[PDB]
Amino acid sequence: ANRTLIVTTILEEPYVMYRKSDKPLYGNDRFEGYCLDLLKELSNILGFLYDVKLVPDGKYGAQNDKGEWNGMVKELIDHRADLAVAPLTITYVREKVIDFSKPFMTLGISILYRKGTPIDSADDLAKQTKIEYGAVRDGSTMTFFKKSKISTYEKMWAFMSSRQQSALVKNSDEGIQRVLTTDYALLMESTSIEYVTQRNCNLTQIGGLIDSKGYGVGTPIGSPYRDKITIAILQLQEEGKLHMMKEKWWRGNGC
Amino acid sequence: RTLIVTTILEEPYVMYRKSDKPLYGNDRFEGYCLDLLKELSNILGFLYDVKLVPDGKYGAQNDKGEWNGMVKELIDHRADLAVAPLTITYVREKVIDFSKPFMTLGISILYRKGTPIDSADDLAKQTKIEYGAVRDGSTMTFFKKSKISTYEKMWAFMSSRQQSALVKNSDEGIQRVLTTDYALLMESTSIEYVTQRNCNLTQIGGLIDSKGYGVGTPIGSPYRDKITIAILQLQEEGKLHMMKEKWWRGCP
Ligand SMILES: CCC[C@@H]1CN[C@H](C(=O)O)[C@H]1c1cccc(C(=O)O)c1
Ligand SMILES: CCC[C@@H]1CN[C@H](C(=O)O)[C@H]1c1cccc(C(=O)O)c1
Ligand SMILES: [Cl-]
Ligand SMILES: [Cl-]
Ligand SMILES: [Cl-]
Ligand SMILES: [Cl-]
């Protein structure tokens, strides 16, 4: 009797969302989105049953000063989940404590800002002070700036952290609202930017990607599923299914 | 002990260093992958001996299912590591353990500048301009199996007339582009390398799929995860990007 895998995930549009329904929904049927479609495709290739559970603390995964982890990462470390199927960024510190699959998405930091401005790059942002710019506090983008030894990015981190980190935002949602309302440019993961620009015709991605990273399925260290999940991901990649899935959930109504 | 690294001669990843005197050992070679190997060695603290794969192949299966190239060196435990632009594919990942990718890339089009061709679709709608790919390589496999209508049509063209539109390898493909009316579909890293050095040529459109290059290790290697963690370190330090710019920089 094959065991049902527990899948930890997080509410995050368009990866995982409650489905709209005129009757109560139960189990996996409660949810829809990119990561649900991904799960269905993985399950079809590998032949496993699964149980989607929202991570209780609603976090991706970071460690405090005591080395203790939270979020989906912690669920995996503690073996309360078999897989984390979510847009979990593959980072050095996370890869040390869990086994990531190969990336099902590749992306990077870029800029979300208004159209029709003199800004065309990170360097354009860096050499001025009138247009405020920043990032989500304590996220992947912030870490990149905090740790970069590139002159242009060091100067941007200095600006970002000045005035008691006023230029930083709490999370991606508040950042996007800030762009929409005030004169503010948001540095963030490009996936998030694409989703927004598809839906907000007055905003745009500026410059290219300034680094590179992927999203991977998380599994516990020593997981017997990680290598199989990787091979399934590569199969979906080569057959063009990941690309199709991304387009399905990202594409807006046109601008 | 010293790790044996299998690799392959391929510009600008691995090249014989130019010298007025004989060179020996690792000092014989230079390129992006040697720079990568240096950085990995610095982080993980291993010594290494670089050895060109005898058959000068990346890794594919013959009709009897036998593997060749760097992949085979790994399967047979004749090398600890493959540090080369080894494309992470479904069939290869089944028989060796790949690191996370140190480069991400995709299929694109190499062609002459200034033409009305702007996408694969523009090629597929016509037959005057020949187009194809390297026979039996990664690009071909994508077309061979795609169920996108436009790519299905292109594969039928490529495979027609005794595969006249296919080429033996990337180098001959590139020559075919420079001398005749021919568009080559291939890995974008190769296209970027060429177009930095030949202002006659350009990339058409964007990437029509996605894939990475990974360090290869034999299945079960304890180095795979350590190498992956080192790659993520270099990625986050911005070092991989730096190394790419160094070796690719050379047109309007
Ligand atoms: C909307 C997608 C959330 C993304 C999905 N991947 C990131 C993660 O795995 O932690 C989330 C994250 C958290 C906080 C800040 C950023 C950022 O872009 O600078 C990203
Ligand atoms: C110049 C670098 C050779 C690349 C490096 N990565 C590929 C590999 O690992 O097999 C090589 C390869 C072999 C045959 C055809 C193609 C293609 O682009 O369609 C690529
Ligand atoms: Cl739940
Ligand atoms: Cl991996
Ligand atoms: Cl040699
Ligand atoms: Cl091959």
# chains A, B, ... in the order shown; residues from 1 in each chain; ligands from 1

call {"tool": "select_by_dssp", "arguments": {"residues": "region 25-213 of chain B", "states": "strand (DSSP E)", "output": "VMD selection string"}}
result
chain B and resid 29 to 30 48 to 52 81 to 82 96 to 98 103 to 105 107 to 112 130 to 133 182 to 187 201 to 204 211 to 213

call {"tool": "residues_near_ligand", "arguments": {"ligand": "ligand 4", "cutoff": "7 Å", "atoms": "only C-alpha atoms and all ligand atoms", "output": "list in words"}}
result
residues 100, 101 and 102 of chain A; 98, 99 and 100 of chain B

call {"tool": "interface_residues", "arguments": {"of": "chain B", "to": "chain A", "cutoff": "7 Å", "atoms": "only C-alpha atoms", "output": "PyMOL selection string"}}
result
chain B and resi 89-90+93+100+142+146+229+232-233+236-237

call {"tool": "residues_near_ligand", "arguments": {"ligand": "ligand 3", "cutoff": "10 Å", "atoms": "only C-alpha atoms and all ligand atoms", "output": "ChimeraX atom specification"}}
result
/A:7-11,26-28,30-31,51-56

call {"tool": "write_last_selection", "arguments": {"atoms": "C-alpha atoms", "output": "PDB file, in the first residue's frame"}}
result
ATOM      1  CA  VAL A   7       3.063  18.405  -0.067  1.00  0.00           C
ATOM      2  CA  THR A   8       3.771  21.669   1.762  1.00  0.00           C
ATOM      3  CA  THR A   9       2.903  24.825  -0.136  1.00  0.00           C
ATOM      4  CA  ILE A  10       1.856  28.416   0.364  1.00  0.00           C
ATOM      5  CA  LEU A  11      -0.949  30.682  -0.877  1.00  0.00           C
ATOM      6  CA  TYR A  26     -12.296  19.706   0.189  1.00  0.00           C
ATOM      7  CA  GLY A  27      -8.812  18.287  -0.116  1.00  0.00           C
ATOM      8  CA  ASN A  28      -6.739  19.073  -3.167  1.00  0.00           C
ATOM      9  CA  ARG A  30      -9.738  23.437  -2.820  1.00  0.00           C
ATOM     10  CA  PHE A  31      -6.779  24.775  -4.811  1.00  0.00           C
ATOM     11  CA  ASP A  51      -2.032  15.672   0.037  1.00  0.00           C
ATOM     12  CA  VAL A  52      -1.590  19.444  -0.186  1.00  0.00           C
ATOM     13  CA  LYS A  53      -1.154  21.209   3.173  1.00  0.00           C
ATOM     14  CA  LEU A  54      -0.611  24.948   3.490  1.00  0.00           C
ATOM     15  CA  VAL A  55       2.444  25.662   5.644  1.00  0.00           C
ATOM     16  CA  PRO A  56       1.002  26.889   8.964  1.00  0.00           C
TER      17      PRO A  56
END

call {"tool": "select_by_dssp", "arguments": {"residues": "region 61-200 of chain B", "states": "alpha helix (DSSP H)", "output": "number ranges by chain"}}
result
B: 69-75, 90-93, 120-124, 138-145, 149-163, 170-179, 188-195

call {"tool": "closest_residue", "arguments": {"among": "B:15, B:36, B:86, B:3", "to": "ligand 6", "atoms": "only C-alpha atoms and all ligand atoms"}}
result
B:86

call {"tool": "residues_near_ligand", "arguments": {"ligand": "ligand 2", "cutoff": "10 Å", "atoms": "only C-alpha atoms and all ligand atoms", "output": "PyMOL selection string"}}
result
chain B and resi 8-13+57-60+69-71+84-89+92+105-108+132-142+167-171+173+184-191+193-194+211-214

call {"tool": "write_last_selection", "arguments": {"atoms": "C-alpha atoms", "output": "PDB file, in the first residue's frame"}}
result
ATOM      1  CA  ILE B   8      36.341  18.247 -23.957  1.00  0.00           C
ATOM      2  CA  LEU B   9      38.074  20.747 -26.276  1.00  0.00           C
ATOM      3  CA  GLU B  10      35.512  23.426 -26.984  1.00  0.00           C
ATOM      4  CA  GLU B  11      35.940  27.142 -27.404  1.00  0.00           C
ATOM      5  CA  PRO B  12      35.682  29.154 -25.127  1.00  0.00           C
ATOM      6  CA  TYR B  13      35.077  26.586 -22.375  1.00  0.00           C
ATOM      7  CA  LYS B  57      32.160  13.313 -27.373  1.00  0.00           C
ATOM      8  CA  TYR B  58      29.727  14.826 -24.893  1.00  0.00           C
ATOM      9  CA  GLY B  59      27.593  11.767 -24.222  1.00  0.00           C
ATOM     10  CA  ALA B  60      24.989   9.943 -26.244  1.00  0.00           C
ATOM     11  CA  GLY B  69      31.796  10.581 -24.216  1.00  0.00           C
ATOM     12  CA  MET B  70      32.185  12.280 -20.853  1.00  0.00           C
ATOM     13  CA  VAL B  71      28.964  10.661 -19.696  1.00  0.00           C
ATOM     14  CA  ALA B  84      32.275  21.021 -19.485  1.00  0.00           C
ATOM     15  CA  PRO B  85      29.254  22.637 -21.166  1.00  0.00           C
ATOM     16  CA  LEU B  86      27.338  19.418 -20.613  1.00  0.00           C
ATOM     17  CA  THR B  87      23.638  19.980 -21.311  1.00  0.00           C
ATOM     18  CA  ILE B  88      21.393  18.704 -18.548  1.00  0.00           C
ATOM     19  CA  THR B  89      18.977  16.448 -20.420  1.00  0.00           C
ATOM     20  CA  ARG B  92      21.667  11.964 -19.311  1.00  0.00           C
ATOM     21  CA  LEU B 105      20.362  28.802 -21.935  1.00  0.00           C
ATOM     22  CA  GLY B 106      18.047  27.671 -24.706  1.00  0.00           C
ATOM     23  CA  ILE B 107      17.561  26.992 -28.399  1.00  0.00           C
ATOM     24  CA  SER B 108      17.716  29.939 -30.710  1.00  0.00           C
ATOM     25  CA  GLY B 132      18.102  23.105 -39.647  1.00  0.00           C
ATOM     26  CA  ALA B 133      20.160  21.908 -36.773  1.00  0.00           C
ATOM     27  CA  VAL B 134      22.996  19.634 -35.757  1.00  0.00           C
ATOM     28  CA  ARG B 135      22.006  16.027 -36.438  1.00  0.00           C
ATOM     29  CA  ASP B 136      21.174  14.019 -33.284  1.00  0.00           C
ATOM     30  CA  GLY B 137      22.054  16.867 -30.871  1.00  0.00           C
ATOM     31  CA  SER B 138      19.971  18.582 -28.203  1.00  0.00           C
ATOM     32  CA  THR B 139      18.335  21.014 -30.606  1.00  0.00           C
ATOM     33  CA  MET B 140      17.248  18.265 -32.973  1.00  0.00           C
ATOM     34  CA  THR B 141      15.723  16.276 -30.144  1.00  0.00           C
ATOM     35  CA  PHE B 142      13.493  19.192 -29.174  1.00  0.00           C
ATOM     36  CA  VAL B 167      24.568  19.555 -40.285  1.00  0.00           C
ATOM     37  CA  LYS B 168      27.244  17.328 -38.769  1.00  0.00           C
ATOM     38  CA  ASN B 169      28.090  19.632 -35.864  1.00  0.00           C
ATOM     39  CA  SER B 170      28.017  23.238 -34.625  1.00  0.00           C
ATOM     40  CA  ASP B 171      31.197  24.383 -36.386  1.00  0.00           C
ATOM     41  CA  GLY B 173      26.658  24.583 -39.131  1.00  0.00           C
ATOM     42  CA  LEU B 184      20.961  27.279 -37.859  1.00  0.00           C
ATOM     43  CA  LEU B 185      18.885  26.392 -34.788  1.00  0.00           C
ATOM     44  CA  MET B 186      21.252  25.676 -31.870  1.00  0.00           C
ATOM     45  CA  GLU B 187      22.153  26.290 -28.196  1.00  0.00           C
ATOM     46  CA  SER B 188      22.132  30.021 -27.474  1.00  0.00           C
ATOM     47  CA  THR B 189      25.547  30.049 -25.769  1.00  0.00           C
ATOM     48  CA  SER B 190      27.090  29.051 -29.108  1.00  0.00           C
ATOM     49  CA  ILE B 191      25.093  31.732 -30.901  1.00  0.00           C
ATOM     50  CA  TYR B 193      29.811  33.362 -28.868  1.00  0.00           C
ATOM     51  CA  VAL B 194      29.659  33.601 -32.657  1.00  0.00           C
ATOM     52  CA  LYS B 211      18.037  24.046 -20.470  1.00  0.00           C
ATOM     53  CA  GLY B 212      21.165  24.233 -18.314  1.00  0.00           C
ATOM     54  CA  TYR B 213      24.783  23.116 -18.260  1.00  0.00           C
ATOM     55  CA  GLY B 214      25.777  21.111 -15.195  1.00  0.00           C
TER      56      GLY B 214
END

call {"tool": "residues_near_ligand", "arguments": {"ligand": "ligand 1", "cutoff": "9 Å", "atoms": "only C-alpha atoms and all ligand atoms", "output": "count of residues only"}}
result
40

call {"tool": "closest_residue", "arguments": {"among": "B:217, B:180, B:68, B:26", "to": "ligand 6", "atoms": "only C-alpha atoms and all ligand atoms"}}
result
B:68

call {"tool": "residues_near_ligand", "arguments": {"ligand": "ligand 5", "cutoff": "12 Å", "atoms": "only C-alpha atoms and all ligand atoms", "output": "PyMOL selection string"}}
result
chain B and resi 4-9+14-16+23-29+49-56

call {"tool": "write_last_selection", "arguments": {"atoms": "N, CA and C atoms", "output": "PDB file, in the first residue's frame"}}
result
ATOM      1  N   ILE B   4      39.922  13.293 -10.808  1.00  0.00           N
ATOM      2  CA  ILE B   4      40.103  13.287 -12.247  1.00  0.00           C
ATOM      3  C   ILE B   4      38.900  13.982 -12.871  1.00  0.00           C
ATOM      4  N   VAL B   5      39.176  15.001 -13.679  1.00  0.00           N
ATOM      5  CA  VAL B   5      38.118  15.765 -14.343  1.00  0.00           C
ATOM      6  C   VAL B   5      38.154  15.461 -15.815  1.00  0.00           C
ATOM      7  N   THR B   6      37.049  14.940 -16.331  1.00  0.00           N
ATOM      8  CA  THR B   6      36.927  14.720 -17.751  1.00  0.00           C
ATOM      9  C   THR B   6      36.404  16.010 -18.340  1.00  0.00           C
ATOM     10  N   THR B   7      36.910  16.364 -19.515  1.00  0.00           N
ATOM     11  CA  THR B   7      36.390  17.517 -20.228  1.00  0.00           C
ATOM     12  C   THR B   7      36.647  17.323 -21.718  1.00  0.00           C
ATOM     13  N   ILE B   8      36.337  18.345 -22.503  1.00  0.00           N
ATOM     14  CA  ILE B   8      36.341  18.247 -23.957  1.00  0.00           C
ATOM     15  C   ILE B   8      36.831  19.576 -24.532  1.00  0.00           C
ATOM     16  N   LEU B   9      37.575  19.535 -25.644  1.00  0.00           N
ATOM     17  CA  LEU B   9      38.074  20.747 -26.276  1.00  0.00           C
ATOM     18  C   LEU B   9      36.908  21.438 -26.927  1.00  0.00           C
ATOM     19  N   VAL B  14      37.052  25.314 -22.947  1.00  0.00           N
ATOM     20  CA  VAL B  14      38.304  24.611 -22.748  1.00  0.00           C
ATOM     21  C   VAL B  14      39.107  24.668 -24.025  1.00  0.00           C
ATOM     22  N   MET B  15      40.299  25.231 -23.925  1.00  0.00           N
ATOM     23  CA  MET B  15      41.164  25.421 -25.077  1.00  0.00           C
ATOM     24  C   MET B  15      42.610  25.204 -24.662  1.00  0.00           C
ATOM     25  N   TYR B  16      43.422  24.671 -25.576  1.00  0.00           N
ATOM     26  CA  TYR B  16      44.869  24.654 -25.367  1.00  0.00           C
ATOM     27  C   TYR B  16      45.397  26.089 -25.260  1.00  0.00           C
ATOM     28  N   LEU B  23      53.882  23.187 -22.438  1.00  0.00           N
ATOM     29  CA  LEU B  23      53.153  23.281 -21.188  1.00  0.00           C
ATOM     30  C   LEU B  23      52.757  21.888 -20.727  1.00  0.00           C
ATOM     31  N   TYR B  24      52.490  21.758 -19.429  1.00  0.00           N
ATOM     32  CA  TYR B  24      52.250  20.462 -18.787  1.00  0.00           C
ATOM     33  C   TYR B  24      51.090  20.559 -17.815  1.00  0.00           C
ATOM     34  N   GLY B  25      50.382  19.448 -17.618  1.00  0.00           N
ATOM     35  CA  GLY B  25      49.328  19.357 -16.624  1.00  0.00           C
ATOM     36  C   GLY B  25      48.174  20.305 -16.904  1.00  0.00           C
ATOM     37  N   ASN B  26      47.581  20.832 -15.838  1.00  0.00           N
ATOM     38  CA  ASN B  26      46.426  21.713 -15.976  1.00  0.00           C
ATOM     39  C   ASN B  26      46.798  23.000 -16.707  1.00  0.00           C
ATOM     40  N   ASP B  27      48.056  23.392 -16.626  1.00  0.00           N
ATOM     41  CA  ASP B  27      48.514  24.632 -17.261  1.00  0.00           C
ATOM     42  C   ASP B  27      48.422  24.596 -18.810  1.00  0.00           C
ATOM     43  N   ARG B  28      48.155  23.421 -19.382  1.00  0.00           N
ATOM     44  CA  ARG B  28      47.969  23.281 -20.832  1.00  0.00           C
ATOM     45  C   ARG B  28      46.698  23.946 -21.327  1.00  0.00           C
ATOM     46  N   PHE B  29      45.716  24.069 -20.439  1.00  0.00           N
ATOM     47  CA  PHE B  29      44.379  24.494 -20.837  1.00  0.00           C
ATOM     48  C   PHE B  29      43.997  25.844 -20.249  1.00  0.00           C
ATOM     49  N   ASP B  49      43.186  16.741 -11.715  1.00  0.00           N
ATOM     50  CA  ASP B  49      43.928  16.476 -12.941  1.00  0.00           C
ATOM     51  C   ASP B  49      42.928  16.458 -14.089  1.00  0.00           C
ATOM     52  N   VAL B  50      43.099  17.376 -15.034  1.00  0.00           N
ATOM     53  CA  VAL B  50      42.210  17.446 -16.193  1.00  0.00           C
ATOM     54  C   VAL B  50      42.635  16.446 -17.269  1.00  0.00           C
ATOM     55  N   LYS B  51      41.670  15.697 -17.796  1.00  0.00           N
ATOM     56  CA  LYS B  51      41.898  14.727 -18.855  1.00  0.00           C
ATOM     57  C   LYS B  51      40.848  14.836 -19.959  1.00  0.00           C
ATOM     58  N   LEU B  52      41.277  15.183 -21.172  1.00  0.00           N
ATOM     59  CA  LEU B  52      40.373  15.207 -22.316  1.00  0.00           C
ATOM     60  C   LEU B  52      39.745  13.840 -22.560  1.00  0.00           C
ATOM     61  N   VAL B  53      38.431  13.811 -22.743  1.00  0.00           N
ATOM     62  CA  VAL B  53      37.747  12.559 -22.998  1.00  0.00           C
ATOM     63  C   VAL B  53      38.275  11.971 -24.312  1.00  0.00           C
ATOM     64  N   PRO B  54      38.712  10.705 -24.283  1.00  0.00           N
ATOM     65  CA  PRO B  54      39.386  10.170 -25.475  1.00  0.00           C
ATOM     66  C   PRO B  54      38.594  10.271 -26.771  1.00  0.00           C
ATOM     67  N   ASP B  55      37.286  10.019 -26.767  1.00  0.00           N
ATOM     68  CA  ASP B  55      36.540  10.024 -28.028  1.00  0.00           C
ATOM     69  C   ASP B  55      36.045  11.405 -28.436  1.00  0.00           C
ATOM     70  N   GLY B  56      36.337  12.405 -27.617  1.00  0.00           N
ATOM     71  CA  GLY B  56      35.899  13.761 -27.886  1.00  0.00           C
ATOM     72  C   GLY B  56      34.402  13.918 -28.114  1.00  0.00           C
TER      73      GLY B  56
END
